[PDB]
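Peer 1:
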Amino acid sequence: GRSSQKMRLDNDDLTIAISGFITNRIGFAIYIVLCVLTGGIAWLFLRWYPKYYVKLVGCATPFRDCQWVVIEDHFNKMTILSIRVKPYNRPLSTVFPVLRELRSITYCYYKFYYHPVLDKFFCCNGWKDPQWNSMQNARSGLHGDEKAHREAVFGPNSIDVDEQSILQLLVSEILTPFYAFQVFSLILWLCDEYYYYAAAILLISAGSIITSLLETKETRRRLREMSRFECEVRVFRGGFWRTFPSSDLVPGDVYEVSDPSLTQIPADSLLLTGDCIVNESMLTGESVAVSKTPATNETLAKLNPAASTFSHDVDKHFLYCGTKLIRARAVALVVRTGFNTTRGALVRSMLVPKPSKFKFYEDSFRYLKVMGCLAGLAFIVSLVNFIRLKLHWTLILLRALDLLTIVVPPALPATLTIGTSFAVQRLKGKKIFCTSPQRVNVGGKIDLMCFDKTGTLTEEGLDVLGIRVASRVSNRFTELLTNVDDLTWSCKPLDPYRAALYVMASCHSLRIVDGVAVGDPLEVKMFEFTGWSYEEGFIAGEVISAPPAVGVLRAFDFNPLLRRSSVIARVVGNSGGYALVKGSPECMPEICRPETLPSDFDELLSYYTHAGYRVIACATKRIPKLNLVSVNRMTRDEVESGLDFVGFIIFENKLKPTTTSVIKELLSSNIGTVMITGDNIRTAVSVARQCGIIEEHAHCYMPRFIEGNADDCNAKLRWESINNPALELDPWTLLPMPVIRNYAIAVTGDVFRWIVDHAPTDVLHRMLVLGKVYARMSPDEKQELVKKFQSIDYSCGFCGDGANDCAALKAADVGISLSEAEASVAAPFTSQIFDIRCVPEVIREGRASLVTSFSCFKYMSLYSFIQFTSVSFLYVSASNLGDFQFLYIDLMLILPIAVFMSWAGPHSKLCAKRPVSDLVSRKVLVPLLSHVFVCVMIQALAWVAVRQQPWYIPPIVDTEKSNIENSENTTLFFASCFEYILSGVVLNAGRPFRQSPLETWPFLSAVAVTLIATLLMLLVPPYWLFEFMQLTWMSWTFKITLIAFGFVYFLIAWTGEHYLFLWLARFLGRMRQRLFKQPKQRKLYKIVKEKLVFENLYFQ
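For the sequence shown, the positions run 203 to 298, 315 to 547, 558 to 719, 745 to 798, 826 to 1019, 1034 to 1394 when the deposited numbering is used.
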């Protein structure tokens, strides 16, 4: 039958090609003997290259009734997982007669089920044997043992990750190709009487292994602790309910929502009876309390849980997974269980293998493979040269195989980590802890930097801007002063200022525990203002700098549904501040007395709602003083008559004081900034204007569905401005119709899904590049937008408060989370200080780390090539450097200079340039290759100079042991040492991205120490340093000549690195198109932006 099934996964990003290969063959025993007798074929090579393994142990089977199946994805990486066996599952609707021995796999927490009649694998779990039937069956629960029959087919609500043991992570990390080559090199060094440097590399590699092991373990702990939850639910069945843990029920079980201990909803469940009040802060990003009505039979019979999205009417009938309950206001039947739920499908995308778009740690190993390919040729040449001189076979093998180790240094990736580690230490010093170090270098190449106006660049709680008085004496509203003006104007029954100030702490339930109120944050902020808050008794503490006393009685609560609250209580005199009313300007101005209206009740409300502020109405009910008595009880509807408003109280999301400076710094540093939020567009645009994300006096355009239908694959968008409307945009080109002023386009969240689902790719890319404000965006839409940014070559980073939207933090290149160090989960970075000032710190230290990591890579490659040249110039006479000269070079000239060249802070000012991030492009390889060439030239000239001296001691070809005391060994030792120290000097970064070498001490001091030591060894070595290091007597004028060669090499290398090799790189770039004129593609966002600014805006 059919063998290979090529289907895309439900999420567009991931694709796979499931291929059902056979179990094994009789040849498995032949496989075992022939690949484990050597010990380095099966467990090493066929784990690194699975393609061949599966082409040996297996042939093919169309019939998917085998023991294990291999999985192929779009990134050419294959894993192997077996087939799980279950005895009995009779209904066909479970996968959708009788079915036996179901075949199933779980690949990256995707459950694939094989259906026998159709002979195919499916991942859709929408129907999943619903059997709801009618309401009376739904309330009956689920009798019998069928819960177990509905358990093994779908598992529990637990969404815990695959907790790999230490023995599995150990063989996953320690068994890399490199860490095998390092074991080979250490074995060679131990066999070649080279113990000290081998022990040093063993310690360094062990430290790297422990660091990576603890990093991965902490990452798994963070991922596991975030997604775990357990609670004792009360009901499974209608008959004999009893409290069981939430990791036990199956789809079809019914549980009481009104249980007192049920703080947050375990699994999504259709509401059978009663109403609920839920909080959706962490799914869909709305902290406003949401009502939930019980589901009806008609809505229950049309359930299609296959699609993650759904219509709006179904949303108000089933609960959400992992959402906090505001108050226990009810029983509900679960719809789905496990990773296939609303929160499950969003935690599954956080566990998929990342594409690893940062290719520096892959390009370094690719160039290491290239050096290994060169080292094979070097090994062959050394072998055939040593055959000519007829040396001992042990020494021939040792020298020829040691040349391979010299060319490919085992300490290159270990010294690629020291600069990153220093950057991590500096960041932890600056009170920002970063988990993944490898992302720090990615922070260098940040092109865009997203945000979130919930609590990141704005304060979390709502804040009061000012007040608006009724001004009954003069209908024109007075200017706001944000202070007390009670005695300034009379405006004498009551005063609007005193009445409003009494209202500010009247109609809300407030209480204290220690210093801070316990009430809802909407009402909490109001009392602090003017410093006349009364909580206990009646009177309060008034400031010294003649205000009437305070007092309140007959308190009530502000119902969000009816949006009204009235409190009557005498406070001063007999008819002053007696009735105080809180409400909303939506409907109560119609109820308000028309004489009180200053004819500004509507346009001011409209202007403040367009400005995104929150307006609440302050009113004074006109009731005579004759209604005061101790036993006073009046229903709300009796008091509610009248209620003319006497002012407006204004709320806003006041931005942090340093947000504007950070946004301006990022904009001036040629880094775009966007805002991704979940609240209404009216305040997101205002916050963007305040911060500087949208330029001042720049029009903001939103798309609307007016020109077409609503949704569902057929609509025509009209892009209209916020201020000064009827300035449309072309839906096909996104240009300002003149029927370069900054476009500042602000899409919404539902429209963004419309455009992603069905719109021209040019239109999507134009909006995506032009986008500045993204409001009403769920975290799923947040990560979709982040992936779209990565899809148009933006290397964007995310900067979000808390860890609710951690999917966007993990999907982005840099995931800075402004939360506590222990409260942060699934985020590469974590900042204790809650300002957004940490983004310049992260970007700046990332740029410094990127530059110093490229410098360390170039220095390590130069060290490898210099040693290869200085040993290949000596292998022509069966000689090499000494056992201690190699030690000195490898331990006191490359490791100290590397770890002290990687020790410098970043330049304080964020420059407008961007460091090079490609390890293959001509701006990196050409200076490195030219440095290799000039090092080879200087060493060759030193060798030629020493070969013509009268006191020359020629090397002697020896068989048993290679002689070291020859006059062309000392020259190639000292010239090599100078070419190491001065290359470390030259390749060190300077002003544009890191601290200047003059401004930092422990690099200049290290260079001075390692250069003075070598100079004293060259000029005046003691007697104990001759026989120890195997030097040879040299002329004093020749020592001066060696110093001159070192200085000339320093001059030429510095002039090349700064003034000449960049010109050579530009020359190769200019002559690139003479061979293949096709212009290498730039970033997609750069192309779209330049085309849009030039061609589409120069056709007026």
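Quick reminder that beta carbons are idealized off the backbone N, C-alpha and C, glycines included.
#1: Quick one: give me the first and last residue of the beta strand (DSSP E) that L488 is part of.
#2: If you measure between the beta carbons of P1209 and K673, is that distance less than 9 Å?
#3: Look at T783 and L860 and say whether their C-beta atoms are less than 9 Å apart.
#4: How many angstroms separate the CA atom of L501 from the CA atom of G831?
#5: Name the DSSP beta bridge partners of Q400, please?
#6: Should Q400 and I419 be called a contact, given that it needs their Cβ atoms to be closer than 9 Å?
#7: Suppose the cutoff is 7 Å on Cβ atoms and the five residues either side in sequence are ignored; what does the same chain contact list for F1178 look like?
#8: Is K1385 closer than 9 Å to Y1088 when the C-beta atoms are compared?
#9: Got a sec, what are the start and stop residues for the beta strand (DSSP E) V926 sits in?
#10: Touching or not, the region 562-582 and the region 477-490, by the rule of three or more beta carbon pairs under 8 Å?
#11: Note down the Cα distance separating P523 from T953, rounded to an integer number of angstroms.
#12: Given a cut-off of 9 Å on the beta-carbon distance, is the pair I951 and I1130 in contact?
#13: Quick check on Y415: does DSSP put it in helix, strand or coil?
#14: Inspect the CB distances between the region 1240-1258 and the region 980-991 and report whether three or more fall short of 8 Å.
#15: Could you tell me the distance, in whole angstroms, from the CA atom of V335 to the CA atom of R594?
#16: Tell me whether the region 577-591 and the region 1096-1114 touch, counting them as touching only if at least three CB pairs, one residue from each stretch, are closer than 8 Å.
#17: Quick check: what's the CA-CA separation for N278 versus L693?
#18: Does the beta-carbon distance from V1170 to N613 come in below 9 Å?
#19: Give me whichever residues DSSP pairs with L501 in a beta bridge.
#20: Could you check where the beta strand (DSSP E) with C1271 kicks off and where it finishes?
#21: Is the beta carbon of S465 closer than 9 Å to that of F1151?
#22: Pick helix, strand or coil for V1119, following the three-state DSSP scheme.
#23: As a quick exercise: from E436, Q482, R438, pick the residue whose alpha carbon is nearest that of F447.
#24: Name the residue from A416, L561, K659 whose alpha carbon lies nearest to the alpha carbon of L537.
#25: Can you list, in chain order, the residues of its chain with a C-beta nearer than 7 Å to that of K1333? Leave out the 5 residues immediately preceding and following it.
#26: Given a cut-off of 9 Å, decide if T517 and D493 are closer than it, judged by their beta-carbon atoms.
#27: Check whether the Cβ atoms of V316 and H333 lie closer than 9 Å to each other.
#28: Can the beta-carbon of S699 be found closer than 9 Å to that of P878?
#29: By the DSSP assignment, the alpha helix (DSSP H) with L387 in it spans what residues?
#30: Between the region 249-263 and the region 283-294, can you find at least three pairs of beta-carbon atoms closer than 8 Å?
#31: Over the uninterrupted alpha helix (DSSP H) stretch that includes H1059, give me the two end residues.
#32: With DSSP run on the structure shown, which of helix, strand or coil describes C760?
#33: Just the Cα atoms here: how many angstroms apart are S476 and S921?
#34: What does the alpha-carbon distance come out to for the pair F528 and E870?
#35: Less than 9 Å between the beta carbons of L360 and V272, yes or no?
#36: Is the region 848-858 touching the region 897-914, taking contact as three or more C-beta pairs under 8 Å?
Peer 2: According to the structure data:
#1: 487-491
#2: yes
#3: no
#4: 42 Å
#5: DSSP output for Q400 lists no bridge partner at all.
#6: yes
#7: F1322, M1323
#8: no
#9: 924-932
#10: yes
#11: 37 Å
#12: no
#13: helix
#14: no
#15: 48 Å
#16: yes
#17: 57 Å
#18: yes
#19: Partner(s): none; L501 has no beta bridge.
#20: Run containing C1271: none in the beta strand (DSSP E); it sits in the alpha helix (DSSP H), 1261-1281.
#21: no
#22: coil
#23: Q482
#24: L561
#25: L1312, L1313
#26: no
#27: no
#28: yes
#29: 384-391
#30: no
#31: 1055-1064
#32: coil
#33: 36 Å
#34: 37 Å
#35: no
#36: yes
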